[PDB]
């Protein structure tokens, strides 16, 4: 069962990830005081390109500018992640990744966020926005064929940051 609810504390997670070509540990508490964008993707080494996943890495300086962490996640391993990172974008790989890419091989994080496709053991294209106090603020879940807009995600986070300080105004 899903543990993700709007207004309630975001489901806690701890796993290995790949960041700057190295294995590192990533917890939700590590990003206390910051806004967090956690987004899921189905599979490593898919024939259709990860242009959407790349787009979040390329435009990370914009997220860093707003003091916002971006975390990528799938049910593939950290070893699978690093390999796809080591694959050039010319050969349908990820190339250099400026965001951490999380491994959810135990399916725990997908399950907790309720984005697991049970009959396949892979994650739907979900995207979650978590505030500085660790409260879940936004849920977005897409069916497999359709990716997510970076512009929209930026619009949402800035809207949330603005409404945090200002409440409801123009």
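Residue numbers count along the first chain shown, from 1.
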query: Average Cα temperature factor in the PDB entry - higher stretch of 36 to 44, 59 to 67; finding: 59 to 67
query: Residue 94, C-alpha B-factor rank within chain (lowest, middle or highest third); finding: highest
query: Cα B factor band for residue 11 (lowest, middle or highest third within the chain); finding: lowest
query: Modelled-residue ranking by C-alpha temperature factor, third containing residue 123; finding: lowest
query: CA B-factor placement of residue 80, once the chain's modelled residues are sorted into thirds; finding: middle
query: Cα B factor band for residue 109 (lowest, middle or highest third within the chain); finding: lowest
